[PDB]
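Chain letters run A, B, ... following the sequence lines, proteins first, then strands; residues in each count from 1.
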Amino acid sequence: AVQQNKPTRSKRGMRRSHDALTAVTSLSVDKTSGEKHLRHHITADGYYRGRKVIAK
Amino acid sequence: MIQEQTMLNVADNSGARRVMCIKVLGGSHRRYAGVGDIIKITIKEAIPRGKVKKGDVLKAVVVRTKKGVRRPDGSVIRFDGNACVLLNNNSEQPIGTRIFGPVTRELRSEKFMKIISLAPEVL
Amino acid sequence: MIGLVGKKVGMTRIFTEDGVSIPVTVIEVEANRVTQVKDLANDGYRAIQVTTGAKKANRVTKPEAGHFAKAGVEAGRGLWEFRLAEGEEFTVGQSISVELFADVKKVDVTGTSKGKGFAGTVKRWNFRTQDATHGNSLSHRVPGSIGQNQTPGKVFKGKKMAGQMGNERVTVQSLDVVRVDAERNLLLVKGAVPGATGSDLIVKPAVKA
Amino acid sequence: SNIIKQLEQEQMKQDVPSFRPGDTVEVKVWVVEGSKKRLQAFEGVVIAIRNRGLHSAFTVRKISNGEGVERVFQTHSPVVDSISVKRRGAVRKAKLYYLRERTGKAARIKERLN
Amino acid sequence: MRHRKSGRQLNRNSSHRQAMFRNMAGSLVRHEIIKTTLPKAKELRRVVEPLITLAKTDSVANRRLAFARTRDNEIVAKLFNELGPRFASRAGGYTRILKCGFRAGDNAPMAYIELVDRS
RNA sequence: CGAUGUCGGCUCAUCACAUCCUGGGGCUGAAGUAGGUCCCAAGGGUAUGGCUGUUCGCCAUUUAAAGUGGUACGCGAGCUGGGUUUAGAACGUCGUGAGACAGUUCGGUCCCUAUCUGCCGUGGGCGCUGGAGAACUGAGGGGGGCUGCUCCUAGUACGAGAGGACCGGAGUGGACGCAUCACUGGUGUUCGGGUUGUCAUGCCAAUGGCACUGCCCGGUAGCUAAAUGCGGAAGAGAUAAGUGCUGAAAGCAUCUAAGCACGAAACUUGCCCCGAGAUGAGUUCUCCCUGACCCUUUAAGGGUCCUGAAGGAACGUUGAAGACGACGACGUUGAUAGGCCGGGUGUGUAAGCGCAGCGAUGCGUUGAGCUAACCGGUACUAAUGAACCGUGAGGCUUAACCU
RNA sequence: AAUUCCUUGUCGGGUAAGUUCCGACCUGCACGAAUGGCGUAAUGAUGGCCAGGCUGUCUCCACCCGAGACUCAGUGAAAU
RNA sequence: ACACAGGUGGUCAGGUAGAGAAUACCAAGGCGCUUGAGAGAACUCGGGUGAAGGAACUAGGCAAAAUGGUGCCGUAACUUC
RNA sequence: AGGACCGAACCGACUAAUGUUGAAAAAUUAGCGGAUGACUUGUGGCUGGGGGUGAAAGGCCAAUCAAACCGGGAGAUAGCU
């Protein structure tokens, strides 16, 4: 239930070695407005795949 | 599907009215008993002047179970109650001279020819 | 003797005129086209490698496309291998159909079993549950003890514990072949074979006779 | 699938009479004792039907020799030679399981007129 | 295991799910575009598209059925007078999901769901 | 003694052979069936109940058998708390008494979110010497190995009879293990209906909310056992106890000293599964890359421009795959999921209208209406043109060919 | 026997089988008459045994509904 | 010790069903309990259902399951009536 | 009429489960006992430590009871660690 010897900072780093986040590989460029956005998601202006899907 | 502590009705006129299964014979660690397999029973209720008294220990063959039996075509025959026919402890032949209620085709063998001969209907 | 690769269509029953209902599994065994023949001279053992079915032409990658192209055969949905018996020859472009099993009586069907996910000890190894009452505390389906007190101060290798059940290769041995329908590439085997509907199956002649 | 449908419909029997729960049917089954085959009649009330194409079944319940007996027949089985509706009953359910706790006057089923 | 099953539980009991989907379907057909989480949006289709399909043929029985599944007479009236003739030729698929990022409060993947011919 | 929790039970075991059964054999005061004793053999199997807290024991009934032991008389950071073993109380006894009893009887808090080793699963990184996609070989490892009864041989051999075989063959079971939902069923709060109380939609009618899914009656797919298929083997090699052939030492005898043969569920294979991280990193098939230059510490060196392939990853729709990763299908040249159309299944004759009845209600339209996960189709919706990683012919020394 | 160590004393009932229970017997280790003896209707969240109904308590577990466990985002302990 | 599933005396007492201030659903009135979103593994908690058997479980029917209202018929030993 | 019966508020805590670094230094859920009485409760007062009080458990006397708590003798003593 509890430890008998204090784990090292080395062991702590070894355990945390897989806890790293993964950056997005590449963003997509909208074909009309030219801005970047996450793949399969609408752009920050409200466009998606050229057409303006949501007003503002 | 008969196991220990199961009460059964009696299908013959041997004098017993309500028996209780206390062992399933024919094999180590055996769980259930279908039709046509011997079980060791105790008599828990009998008629006043019959061939057997209350509390005797003897064998019996199961002729009707509520779970029923299955035939090679996939059919199943289910009965409304579990019934047995009392047998002699050594010869394993029926004590009574008449059978009550129907029985199934699973019994037709040289061992129980008497029972299927005396049965009023063999399903 | 070699076997064939089929697909589980499902289960049904066959009625015989004697009044017996045989439960059968319908295996659609399409033609197995040989794609490479291995020999002692080059590979150190004798075997054939067959394929079956079709695959999307934009889904087949270039290495296996070239491999199929060398044999001059259209791409299938996989590649399986059968060890050759003594005195059994096959050519490269040859197609083998379900009529190979025309007079065999029993087969061995091997497939990847259904996946039960992370299964407990009770389901996986038929362990007994503990009491549901009589004062029991949070231990109704746990595996109980797994060792002894301090002399063998470890758990023994090969212990039965909870884990991934299924989704592994399983062979069911000595099934009776009920019918070989060569006209529509069907094989009906008696019994239940491993695997869900639509999975691949490897049917080989019974080793145990 | 088409393969299973073809396999079942090439084995189905094309002379199955139409019946509903509550009907009183009489099914003739093949009995093979020794080397000879005969026809045993089983007559009762249909308490449940299970429509599954070739895997169709139906449960008939009768009171034979004072003991309630029910048998589930496979509709397309070759052991069943013929089925005959002796009398049609009027019920408002698909499964008449409630009949098992009733005897005599309390288990009568009104005839299905028209 | 949940082999060949369908329907997201969404960490709610069945009555809550039924009521929530009823409300969400009403809101969607009222406003013509709504924003909700991606699994809820994907599950909302299976409730709002059969209602429109039912609404395609105007009949007293169909209206009572739509009323039983929505409990809002204005919603039923709109469905049968507008959404039915508008989608009278479509073979299903009267909605469109557009993934719109992640919610600030709980990082839930959000989406907009709108009728195909909104404009 | 700055705490090593203890009797019995439940769950889960693992080892030894001084073997309980099955297997092989010698002697028998072994006619046969059935036994006694000893030797070899641990591969598998080795009860359910009545009584007591019981281990032990007696008893009832099975079984081929109900083994003896080790593992802190295994196992409470897995469970129990009946006995024992705190505080309360009483009986018998001892003591004047407080109290005490291997004397009994009633009641009496069992904590811990796992850091490390271990074990069951499942990934990430790198290696395997250019990179990649597949399919394998098998060094090694695991699983599995139990047995009854009936029939034929044959009422034969044996025996005065009663009784009753060895060896060999066939069928059908008990327990265990693997797989599956085609059959029989369970679940199926995502499907349909009956019905009680109340509230809401203006009201009737019809519905919806709540009352454990309000209470029930059924039940699709999926998952399941009680349901139904399969398995333990046959065969080979070398053996244990044992049985031998020929044969001296030792004119005889002798299974052994030389030489040769047989012999068991034990060993190695044969059956199933994992398996080249087998760093000893293996084998086979296929695909991709055939540009120009600078620098100094001149070497498996570093840098710039052009170039980005085969393939992989990421994202999306997802799965009878799944805790999360992983694995599998599909991404417009598309049936991957949702919807839609048709069918199947389940429920059981919907609503509206008309007729009969004062009315409850019945009949017709009507086997109607509704129908999830199923089946066969259908691009209507969502699966984007891209972009990212991975490179640009792959070190040295010998040997055999090639020119 | 709330009391008997030997003791599961012996017999009878109940059970196929009853170290507990009930009814007797008396060889009362070591009951006994207001530190009360023996009964006793009614009463008890009192101790023991048996029977009917009822059941996942069990043979033997299976499925389903939610709340955690698992993943993501935010805050963020403890014994040792 | 906390924006703590605990403790705190008196007053008011609506509708329907109900004997009722029990219980269910509502009015007047007030809240959804200060982390959410997914997924639908083992295992834990609180529940629902179950084939055939019905205490074989266990120290013990512990716990679950079952009975449950009103009117009427009828009701034993024993007893201090 | 009743230390009568069934059963809410109210008082209590018999059995099981959960929780045992808890929501809680003893509670929650499902059952349970009393419920016109030797009942229960609010406000104020009285009984003080070898003392009180006790339908009696050495129980309770401010989460502390085979002699409370606070200050003092006091750095008690300790052949012990």
Side-chain angles (χ1 to χ4, degrees), chain B residues 35 63-64 68-79 101-109 116-117 119-123, chain C residues 12-24 178-179 188 190, chain D residues 4-65 67-89 94-96 99 109 111-112:
Chain B
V35 301
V63 301
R64 296 191 289 272
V69 298
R70 263 161 71 75
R71 286 292 160 78
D73 79 318
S75 66
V76 62
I77 310 181
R78 291 193 304 258
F79 302 94
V103 303
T104 53
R105 309 284 175 195
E106 278 72 10
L107 280 187
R108 58 184 307 113
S109 66
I116 63 169
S117 72
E121 179 182 13
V122 193
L123 258 71
Chain C
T12 188
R13 58 168 169 194
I14 295 300
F15 280 123
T16 65
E17 311 91 326
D18 289 330
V20 180
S21 161
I22 312 172
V24 301
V178 178
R179 169 187 309 176
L188 310 186
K190 170 192 183 183
Chain D
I4 308 284
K5 282 186 52 196
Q6 194 275 334
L7 276 180
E8 289 182 347
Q9 81 201 5
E10 86 181 1
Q11 299 188 281
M12 291 206 212
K13 296 196 289 199
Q14 306 287 332
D15 67 306
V16 177
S18 71
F19 56 95
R20 303 163 53 146
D23 284 8
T24 296
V25 309
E26 183 268 333
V27 178
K28 288 183 177 300
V29 288
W30 283 104
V31 176
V32 185
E33 296 178 345
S35 65
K36 48 183 54 51
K37 302 176 40 209
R38 67 173 293 269
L39 208 60
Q40 181 167 359
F42 183 95
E43 161 184 321
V45 63
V46 173
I47 57 168
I49 316 181
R50 171 188 199 259
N51 319 290
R52 294 289 201 281
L54 177 62
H55 311 308
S56 311
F58 61 104
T59 307
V60 191
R61 167 185 188 80
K62 85 184 296 182
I63 312 297
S64 183
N65 296 115
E67 290 318 324
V69 179
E70 66 195 29
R71 178 164 181 177
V72 191
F73 299 100
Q74 308 294 286
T75 303
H76 300 270
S77 184
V79 184
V80 163
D81 203 79
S82 83
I83 310 174
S84 300
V85 182
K86 294 276 164 288
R87 162 180 178 277
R88 31 184 197 181
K95 261 77 170 164
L96 313 176
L99 285 182
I109 294 151
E111 187 165 15
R112 193 174 83 252

Hey, mind stepping through D:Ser64 and B:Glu121 against side chain to side chain donor-acceptor pair (under 3.5 Å) and telling me if it holds? CA-CA 9 Å; D:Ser64 183; B:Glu121 179 182 13; 2.4 Å; yes
Evaluate the side-chain proximity of [Y] to [X]: yes if any heavy-atom separation is below 4.5 Å, no if none is.
X: D:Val80; Y: D:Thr75; value: no
X: C:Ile22; Y: C:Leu188; value: no
X: D:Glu43; Y: D:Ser84; value: no
X: D:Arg71; Y: D:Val60; value: no
X: D:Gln11; Y: C:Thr12; value: no
X: B:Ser75; Y: D:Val79; value: no

Show the nearest heavy-atom pair for residues [X] and [Y], with the distance to one decimal.
X: D:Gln74; Y: D:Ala57; value: NE2-CB, 3.6 Å
X: D:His76; Y: D:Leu54; value: CD2-O, 3.5 Å
X: D:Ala94; Y: D:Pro21; value: O-CG, 3.4 Å
X: B:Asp73; Y: D:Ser77; value: OD2-OG, 2.9 Å
X: D:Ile63; Y: D:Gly68; value: CD1-CA, 3.8 Å
X: D:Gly89; Y: D:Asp23; value: N-OD1, 3.3 Å

Using 0.5 Å steps for rounding, measure from the [atom1] atom of [X] to the [atom2] atom of [Y].
X: D:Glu70; Y: D:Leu99; atom1: CD; atom2: CG; answer: 10.0 Å
X: D:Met12; Y: D:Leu7; atom1: CE; atom2: CG; answer: 11.0 Å
X: D:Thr59; Y: D:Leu96; atom1: OG1; atom2: CG; answer: 10.0 Å
X: D:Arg87; Y: D:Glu26; atom1: CZ; atom2: CD; answer: 15.5 Å
X: B:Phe79; Y: B:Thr104; atom1: CZ; atom2: OG1; answer: 5.5 Å

Do D:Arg61 side-chain atoms and D:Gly44 backbone N/O form a donor-acceptor pair below 3.5 Å?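 Not confirmed, D:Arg61 side chain does not pair with D:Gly44 backbone.
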Answer yes when B:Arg108 and D:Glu33 have at least one side-chain N-carboxylate O distance shorter than 4.0 Å, and no when they do not.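 Salt bridge: yes.
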Taking only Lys NZ, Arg NE, NH1 and NH2, and the carboxylate oxygens of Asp or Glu, determine whether B:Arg71 and B:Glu106 approach each other closer than 4.0 Å.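 Salt bridge between B:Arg71 and B:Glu106, a charged N being under 4.0 Å from a carboxylate O: yes.
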How far apart are the C-alpha atoms of C:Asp18 and C:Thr16, what are their side-chain angles, what is the distance that settles it, and do they pass the side chain to side chain donor-acceptor pair (under 3.5 Å) test? CA-CA 5 Å; C:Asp18 289 330; C:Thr16 65; 5.1 Å; no
Would B:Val122 and B:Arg105 count as a side chain to side chain contact (heavy atoms under 4.5 Å, CB included) if you check the C-alpha gap in whole Å, the side-chain angles of each, and the deciding distance to 0.1 Å? CA-CA 7 Å; B:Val122 193; B:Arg105 309 284 175 195; 3.5 Å; yes
Heavy atoms from other residues, nucleotides or ligands near NZ of D:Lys5 exceed 12 (cutoff 6.0 Å):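 No, the 6.0 Å shell around NZ holds no more than 12 heavy atoms from other groups.
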For D:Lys36, does the NZ atom sit with more than 12 other heavy atoms under 6.0 Å from it, leaving out its own atoms?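 12 or below, so no.
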Only pairs at least two apart or in different chains count here, so list each ring-ring contact (aromatic ring centres under 6.0 Å, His included) that has a residue in residues 24-55 of chain D.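 Every pair satisfying ring-ring contact (aromatic ring centres under 6.0 Å, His included) with a residue in residues 24-55 of chain D: D:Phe42-D:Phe73.
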